[PDB]
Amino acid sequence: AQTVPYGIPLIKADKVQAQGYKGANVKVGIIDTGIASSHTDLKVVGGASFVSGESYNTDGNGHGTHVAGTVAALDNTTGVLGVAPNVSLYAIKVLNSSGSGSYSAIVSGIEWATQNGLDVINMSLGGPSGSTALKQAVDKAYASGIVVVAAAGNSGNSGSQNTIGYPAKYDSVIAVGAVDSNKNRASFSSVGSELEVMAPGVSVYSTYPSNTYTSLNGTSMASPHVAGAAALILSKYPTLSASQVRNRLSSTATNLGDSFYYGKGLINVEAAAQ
């Protein structure tokens, strides 16, 4: 039987799916450690690998497969349910199975999504420093009309210090922080003025290689709820621009507190999709 992880109802994605909008026709690229296509609850339609020796439809780390199941685990009678179960899912492998990737892999993975006309890209990954080439790649994806979403970082706060990673810190990228099921900001969620919205990131149950399920914590788990919310919005209003989708999610978020800590708050896809 299918389990619905708490994040789905928490962001009101169930209400939008009940209206019949489930992300069909929206191409979502998961830029991560790959996706285990072998998983019975996921359907990967394409992708690219920028990690030598590894193809994109395998995942020996598990992070990309977990992130993929939060956006798009199929709605059937098994496993879990994604935020946008009918999206066309692309595996863009830029990190190897030990979780290490180069700036150049990451830039090529973003450029690949831009050249291939994807609608939304999720980057549950980041580093303490960015690069010109990384900045030019995200700005070109957003300017081309792609909704670019990234995990803010799992560095917590350190006084006044902004701990948002790159690429989340770039203005063309939505930086997503993590809350638990009670709407508390997770202790590990990164903070800073670029923090834009919050989503479930604590004990998020989703798909895991090769064909299992597991609970993980991270802003990596939050980010996919926001990329899936963007796909639900585009399945309902297909011709909206990236900045219209982005403003609907932050403008309708439920305010949770100080924006250095919660950005505009917890996304509410029912309100955002009105």
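Note that residue numbering follows the sequence shown and begins at 1.
A.B. asks: Pick between 257-265 and 5-13: the one whose mean CA B-factor in the entry is higher.
C.D. replies: Stretch with the greater average CA B-factor: 257-265.
A.B. asks: Do the CA atoms of 21-29 or those of 248-256 have the higher mean B-factor in the entry?
C.D. replies: Higher of the two, by average CA B-factor, is 248-256.
A.B. asks: Kindly indicate the residue among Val202, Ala73, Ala199, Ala137 with the greatest C-alpha B-factor in the PDB record.
C.D. replies: Top of the list by C-alpha B-factor: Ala137.
A.B. asks: Per the PDB entry, which option out of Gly165, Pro85, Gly99, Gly109 has the greatest Cα B factor?
C.D. replies: Going by the entry's C-alpha B-factors, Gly99 comes out highest.
A.B. asks: Is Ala68 in the lowest, middle or highest third of its chain when residues are ranked by C-alpha B-factor?
C.D. replies: As the PDB entry reports it, the C-alpha B-factor of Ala68 lands in the lowest third of its chain.
A.B. asks: Relative to the other modelled residues of the same chain, rank the CA B-factor of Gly192 and answer lowest, middle or highest third.
C.D. replies: Answer is middle: the recorded C-alpha B-factor places it there.
A.B. asks: Could you place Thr239 in the lowest, middle or highest third of its chain by Cα temperature factor, using the values in the record?
C.D. replies: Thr239: CA B-factor falls in the middle third of its chain.
A.B. asks: Can you work out whether the C-alpha temperature factor of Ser181 puts it in the lowest, middle or highest third of the chain?
C.D. replies: Answer is middle: the recorded C-alpha B-factor places it there.
A.B. asks: Name the third of the chain's ranked CA B-factors that contains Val80, choosing lowest, middle or highest.
C.D. replies: For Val80, whose C-alpha B-factor we compare with every modelled residue in the chain, the answer is the middle third.
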